[PDB]
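Sequence positions in the sequence shown follow the entry's author numbering and run 421 to 802, 811 to 1006.
All C-beta atoms in this analysis are idealised placements derived from N, C-alpha and C, irrespective of residue type, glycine included.
Have a look at the structure below, then the notes.
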Amino acid sequence: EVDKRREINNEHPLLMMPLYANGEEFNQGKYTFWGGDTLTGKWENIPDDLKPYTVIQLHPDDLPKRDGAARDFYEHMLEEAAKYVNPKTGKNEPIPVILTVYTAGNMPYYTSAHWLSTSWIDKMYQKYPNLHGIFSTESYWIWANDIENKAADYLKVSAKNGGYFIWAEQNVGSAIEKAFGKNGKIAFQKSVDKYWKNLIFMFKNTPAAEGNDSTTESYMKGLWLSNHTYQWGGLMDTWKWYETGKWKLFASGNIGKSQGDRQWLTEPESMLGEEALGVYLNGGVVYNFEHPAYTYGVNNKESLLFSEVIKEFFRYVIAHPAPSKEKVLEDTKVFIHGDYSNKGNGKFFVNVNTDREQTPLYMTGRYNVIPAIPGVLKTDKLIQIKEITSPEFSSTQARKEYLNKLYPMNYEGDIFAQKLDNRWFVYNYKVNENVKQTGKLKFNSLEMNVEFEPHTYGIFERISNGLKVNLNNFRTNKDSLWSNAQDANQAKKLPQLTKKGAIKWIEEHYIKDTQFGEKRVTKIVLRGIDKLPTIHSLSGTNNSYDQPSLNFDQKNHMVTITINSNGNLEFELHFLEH
Ligand SMILES: CC(=O)N[C@H]1[C@@H](O[C@H]2[C@@H](O)[C@@H](CO)O[C@@H](O)[C@@H]2O[C@@H]2O[C@@H](C)[C@@H](O)[C@@H](O)[C@@H]2O)O[C@H](CO)[C@H](O)[C@@H]1O
């Protein structure tokens, strides 16, 4: 094996930092990105603690669809990245880069990436030590006749140079199954047999109306556990709100795919953290997001979604490495072999661990994510390994009856919760319904009851001297975007915000003059404690929380903690048990 250019694993996770080429400005002789970020400026603005775990991902977006455009733009930016000088130290510190090399089947009518040869990619790897990988994203809807062959070549050229091939794809139209040879195109299967240590496979949750979130994530996890990918992760996309026809938060009615640039701004910020937990809690280590203007920011400035949710989440997964492959393997009780495409796709998990067909969330952590690999792959080398065609998986009820025998019930209440070591992870799983959820969790004899509004997650760690709490319910008010529409009919008919309009809205009304959401209440009740706990190390989003209220009831050895907040929040409670 050629020495790897970087590590990507639980201890060295990866946050991809997208920069999308501005093709309109390219036609005017400029080298710029949509949203006004610059390569150097974006890198400089990444906190120094995150720099070792963050890589700039260039994307060719709307560069002209002709030979040379993407090479020109990419060479220009690789040069900028290579020559970067840290102004504090005066040292040349080449900026790490991933290039988007394949998208939309690389059709010449869809992308400038068509004209990026494997020869050119090899040349770039050899010229730029700071080129750490190449990225393929979103071809499920245009499954080119040579897509598997090209993916093999991308993986091989990456392995040859110590780089990673990273593929973000969703199991629409059997995409993941076909990638590994379902329909007889086996070149990528064979490449992975050799070069899996240089592959990263990610979900891409954009096509939310097709409901393949749970099954794609199941495959990413199973491919990883079975050594068909070095690591896995996910690209979580606020465009899901567009794809599913939602509009104003909690409003009635569906507007369809009619207001895209308003719609990709509307997903609650903290919901991205809820999605990301599904990656982390299942051993995934690679994270990416769209739309970049909302999820990361503009003009080399962090959006509040980035600063209050994504940045803090990513810091958490660096501080608490995700469960290792070995650990996840030990914990896996059932591993599915076969094609979700033959068993209802995402419907497979509805009312097993998802609450509806179109959601990126889970309603229980009891089974965590059940890992699977497509039927084309083998289970010889790879726990009960079960064919997807088994009677145990024939119906919703059968699945639960079987899984429940192997995965015991470990909490109470209609809420998402999952436990790792001494940590309960909890979130309200409602997507667009304004409904509180409650759960009862235990740390041995200590009882913790929680009440969460939608778009709220928490991490509760039993430490020797009490409990460490991380809470995030950050959700700004997007109603301005939907003003002048009292119903779905009117909302569908609003003037288009447009891409440029949405970027400008972020600049003028999100980066500044933000319409923050209202503070809202979280309740935490601890039963079985000796004395009034003390609170320590309280911090969170500025101006976003009231001082927590602790009400201790001596007779019943319990405390009720009431929090009123809208943001990220951390604190410790110190106490002993009774
Ligand atoms: C047409 C358009 O608005 N393009 C911008 C938009 O692109 C994404 C959306 O159109 C989304 C709707 O669900 O569909 C996605 O396919 C699309 O993603 C882009 O194209 C695909 C083929 C891939 O190349 C993706 O990597 C790419 O983002 O939003 C993105 C930013 O999220 C860009 O501004 C597009 O210009």
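Per the C-alpha coordinates, the member of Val987, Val770 and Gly704 positioned closest to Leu645 is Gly704. For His711, the CB falls within less than 6 Å of some heavy atom of ligand 1.
Using a Cβ distance threshold of 7 Å, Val517 and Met622 do not count as a contacting pair. For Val748, the uninterrupted alpha helix (DSSP H) segment begins and ends at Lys745 to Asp751.
Under the 8 Å Cβ criterion, the region 625 to 643 does not count as touching the region 874 to 888, having fewer than three qualifying pairs. With 16 or more other Cβ atoms from the protein chains shown falling within 10 Å of its own Cβ, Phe555 counts as buried.
Residue state for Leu781 is assigned as coil, using DSSP reduced to three classes.
Per the coordinates, the alpha-carbon of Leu701 lies some 24 Å from the alpha-carbon of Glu815.
Around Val859, the same chain offers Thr779 and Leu781 as residues with beta carbons nearer than 7 Å, after the five sequence neighbours per side are excluded. Of all C-beta pairs linking the region 542 to 554 to the region 571 to 589, three or more are shorter than 8 Å, placing the two stretches in contact.
Excluding residues up to 5 positions away in sequence, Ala524 lie with their Cβ nearer than 6 Å to the Cβ of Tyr530 in the same chain. Inclusion of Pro438 and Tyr473 in the CB contact set at 7 Å is not warranted, their separation being larger than that value.
Our two residues, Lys598 and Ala607, have alpha carbons roughly 11 Å apart in a direct line. Taking a 10 Å sphere around the C-beta of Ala742, we find 16 or more other C-beta atoms and assign the residue as buried.
Under the three-pair Cβ rule at 8 Å, the region 588 to 597 counts as touching the region 611 to 628. Around the Cβ of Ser823, a 10 Å sphere holds fewer than 16 other Cβ atoms; the residue is exposed.
Of the other Cβ atoms in all chains shown, fewer than 16 fall within 10 Å of the Cβ of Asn917; this residue is therefore exposed.
For the pair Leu692 and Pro712, the Cα-to-Cα distance works out to about 13 Å.
In the three-state reduction of the DSSP assignment, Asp907 falls in the helix class, which pools H, G and I.
A buried status is given to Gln477, since no fewer than 16 other beta-carbon atoms sit within 10 Å of its beta-carbon. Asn984 and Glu1000 have their alpha carbons spaced roughly 22 Å apart. Nearest to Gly995 by alpha-carbon distance, out of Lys471, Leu966, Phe1003 and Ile957, is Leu966.
Take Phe600, set aside five residues on each side of it, and the residues of its chain with a beta-carbon closer than 6 Å to its own are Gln609, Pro794, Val796 and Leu797, in chain order.
Nearest to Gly676 by C-alpha distance, out of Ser690, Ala629, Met640 and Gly642, is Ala629. Contact annotation, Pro484 with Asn447: C-beta distance approximately 7 Å; criterion of less than 8 Å satisfied.
When C-beta atoms of the region 728 to 740 are compared with those of the region 769 to 778, fewer than three pairs fall below 8 Å, so the two segments do not count as touching. Set against 6 Å, the gap from the CB of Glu464 to the closest heavy atom of ligand 1 is not smaller. Residue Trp659 holds the alpha-carbon nearest to the alpha-carbon of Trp684 among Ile957, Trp659, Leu802 and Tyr451. Taking C-beta atoms as the reference points, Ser993 and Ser972 count as a pair closer than 7 Å. Assigned with DSSP and collapsed to three states, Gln846 falls in strand.
In the DSSP assignment, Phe734 falls within the unbroken alpha helix (DSSP H) covering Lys731 to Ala739.
Here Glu710 is buried: its Cβ has 16 or more other Cβ atoms, across all protein chains shown, within 10 Å.
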